[PDB]
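*Asks:* Before we start, here is the structure in question, set down as structure tokens.
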Amino acid sequence: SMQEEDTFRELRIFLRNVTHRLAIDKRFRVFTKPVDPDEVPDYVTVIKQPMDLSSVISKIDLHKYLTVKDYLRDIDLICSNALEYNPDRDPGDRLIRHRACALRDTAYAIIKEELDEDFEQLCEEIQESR
């Protein structure tokens with residue numbers, strides 16, 4: 001129905017806004033674009049599902065997210081990829097992991113405060129009906 005398509009449009013608006021706010025945060029610069037093959041050639045061999053905030057924006061616009069839970073799976077993937085690829089004790093790896101955790105925690109915190117649970121449940125129920 002048109003009411004359902006309006007629901008998903010509002011969802012995309014909400015997701016674009018959250019993603020923007022993450023993408024403009026200086027801490028999260030490393031997560032705004034794909035890892036560059038030239039600089040890190042073993043990346044695509046170790047990490048089987050690369051993800052980044054630019055790809056998330058593209059996915060929003062392609063209607064790939066019909067719930068906030070589906071969006072959060074890709075925010076979680078950005079974070080888990082960073083933890084997996086950079087697991088060592090040195091300061092460069094520890095910094096990226098701290099930033100990855102902050103990206104995840106920040107996204108969840110924005111969503112906890114600004115997503116209406118009945119809106120999410122509506123999206124879930126429409127998604128399940130398809």
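Chain labels A, B, ... are given in the sequence in which chains occur in the structure tokens; within each chain residues are numbered consecutively from 1, and ligands are likewise numbered from 1 in the order shown.
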For residue 102 of chain A, list every protein, DNA or RNA residue within 9 Å, evaluated using only C-alpha atoms, and leave out those in the same chain fewer than 3 positions away; present the list as a CSV table (one decimal) with C-alpha atoms, in the first residue's frame.
*Replies:*
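Generated output (around.csv):
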chain,number,residue,atom,x,y,z
A,27,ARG,CA,36.7,9.5,14.8
A,28,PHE,CA,35.0,7.5,12.1
A,79,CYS,CA,32.7,-2.9,13.6
A,97,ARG,CA,39.2,-1.1,17.5
A,98,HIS,CA,38.3,1.6,20.0
A,99,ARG,CA,36.9,3.7,17.2
A,105,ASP,CA,27.9,2.2,20.4
A,106,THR,CA,27.1,5.6,18.9
A,107,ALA,CA,24.8,4.2,16.3
*Asks:* Could you produce a table of the residues of segment 100-124 of chain A lying within 7 Å of segment 51-70 of chain A, with the nearest pair of atoms per residue and their separation in Å rounded to one decimal, using only C-alpha atoms, ordered by chain and increasing residue number, as a tab-separated table?
*Replies:*
residue	atom	partner	partner_atom	distance
A:120	CA	A:67	CA	6.4
A:123	CA	A:67	CA	5.6
A:124	CA	A:67	CA	6.1
*Asks:* Kindly save the residues from that selection, with N, CA and C atoms included, as a PDB file, in the first residue's frame.
*Replies:*
ATOM      1  N   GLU A 120       9.554   0.793  14.310  1.00  0.00           N
ATOM      2  CA  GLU A 120      10.357  -0.383  13.971  1.00  0.00           C
ATOM      3  C   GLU A 120       9.465  -1.615  13.847  1.00  0.00           C
ATOM      4  N   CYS A 123       7.605  -1.597  10.581  1.00  0.00           N
ATOM      5  CA  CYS A 123       8.470  -1.993   9.482  1.00  0.00           C
ATOM      6  C   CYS A 123       8.637  -3.524   9.455  1.00  0.00           C
ATOM      7  N   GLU A 124       8.859  -4.120  10.626  1.00  0.00           N
ATOM      8  CA  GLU A 124       9.029  -5.576  10.735  1.00  0.00           C
ATOM      9  C   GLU A 124       7.834  -6.308  10.219  1.00  0.00           C
TER      10      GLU A 124
END
*Asks:* Extract the full set of helix (DSSP H, G or I) residues from chain A according to DSSP on the backbone, and format it as a ChimeraX atom specification.
*Replies:* /A:2-23,26-31,43-46,53-61,68-85,91-114,117-128
*Asks:* I'd like the interatomic distance between atom CA of residue 83 of chain A and atom CA of residue 49 of chain A, to a tenth of an Å.
*Replies:*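 Taking atom CA of residue 83 of chain A as the start and atom CA of residue 49 of chain A as the end point, the length is 13.5 Å.
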*Asks:* Kindly indicate which residue among A:41, A:71, A:130, A:113 lies nearest to residue 12 of chain A, using only C-alpha atoms for the distances.
*Replies:* A:71
*Asks:* Tell me, as a list in words, which residues lie within 12 Å of residue 1 of chain A, counting only C-alpha atoms; anything in the same chain fewer than 5 positions away does not count.
*Replies:*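 Contacts, in chain order: residues 6, 7, 8, 126, 129 and 130 of chain A.
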*Asks:* Keeping only N, CA, C and O atoms, write the selected residues to a file as a short mmCIF file (atom, residue, chain, number, x, y, z; two decimals), in the first residue's frame.
*Replies:*
data_model
loop_
_atom_site.label_atom_id
_atom_site.label_comp_id
_atom_site.auth_asym_id
_atom_site.auth_seq_id
_atom_site.Cartn_x
_atom_site.Cartn_y
_atom_site.Cartn_z
N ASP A 6 5.18 4.85 2.24
CA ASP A 6 5.50 6.00 3.05
C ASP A 6 6.30 5.60 4.30
O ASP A 6 7.20 6.33 4.72
N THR A 7 5.93 4.48 4.94
CA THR A 7 6.65 3.97 6.08
C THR A 7 8.12 3.74 5.73
O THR A 7 9.01 4.18 6.41
N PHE A 8 8.37 3.02 4.63
CA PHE A 8 9.72 2.71 4.26
C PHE A 8 10.47 3.99 3.85
O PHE A 8 11.68 4.06 4.04
N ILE A 126 5.43 -5.23 8.11
CA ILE A 126 5.30 -5.08 6.67
C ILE A 126 6.32 -6.02 6.01
O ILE A 126 5.95 -6.76 5.13
N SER A 129 5.29 -9.54 5.93
CA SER A 129 4.14 -9.80 5.07
C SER A 129 4.51 -9.98 3.58
O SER A 129 3.65 -10.30 2.78
N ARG A 130 5.77 -9.74 3.20
CA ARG A 130 6.15 -9.73 1.79
C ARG A 130 6.80 -11.06 1.37
O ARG A 130 7.24 -11.86 2.21
#
*Asks:* Which polymer residues have any atom within 10 Å of an atom of residue 80 of chain A, counting only C-alpha atoms, with same-chain residues fewer than 4 positions away left out, as a compact mmCIF listing (two decimals) with N, CA and C atoms, in the first residue's frame?
*Replies:*
# COMPACT_ATOMS: atom_id res chain seq x y z
N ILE A 47 38.78 -10.38 4.91
CA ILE A 47 37.46 -9.92 5.25
C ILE A 47 36.53 -10.19 4.07
N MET A 51 32.44 -3.71 4.53
CA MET A 51 31.36 -2.74 4.67
C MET A 51 31.91 -1.41 5.16
N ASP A 74 24.56 -4.16 9.29
CA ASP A 74 25.69 -3.63 8.51
C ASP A 74 26.58 -2.69 9.37
N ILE A 75 26.02 -1.96 10.34
CA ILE A 75 26.85 -1.19 11.27
C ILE A 75 27.66 -2.19 12.08
N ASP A 76 27.04 -3.26 12.55
CA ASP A 76 27.79 -4.28 13.29
C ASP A 76 28.88 -4.91 12.46
N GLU A 84 38.30 -7.81 13.73
CA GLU A 84 38.90 -9.03 13.19
C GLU A 84 40.17 -8.74 12.42
N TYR A 85 40.15 -7.71 11.59
CA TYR A 85 41.31 -7.42 10.76
C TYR A 85 42.45 -6.78 11.54
N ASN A 86 42.12 -6.11 12.65
CA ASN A 86 43.12 -5.37 13.45
C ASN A 86 43.15 -5.84 14.90
N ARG A 97 40.25 -0.34 16.79
CA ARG A 97 39.23 -1.11 17.48
C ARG A 97 38.40 -0.20 18.41
N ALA A 100 36.05 1.63 16.25
CA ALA A 100 35.03 0.74 15.73
C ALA A 100 33.93 0.50 16.77
N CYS A 101 34.33 0.24 18.01
CA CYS A 101 33.41 0.10 19.10
C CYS A 101 32.59 1.37 19.32
N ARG A 104 29.86 1.67 16.59
CA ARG A 104 28.77 0.77 16.92
C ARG A 104 27.94 1.34 18.09
*Asks:* In Å to one decimal, how far is atom CA of residue 114 of chain A from atom CA of residue 32 of chain A?
*Replies:* 22.4 Å
*Asks:* Determine the nearest neighbour of residue 111 of chain A from the options A:45, A:72, A:40, A:127, counting only C-alpha atoms.
*Replies:*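 That would be A:72, the residue with the smallest distance to residue 111 of chain A.
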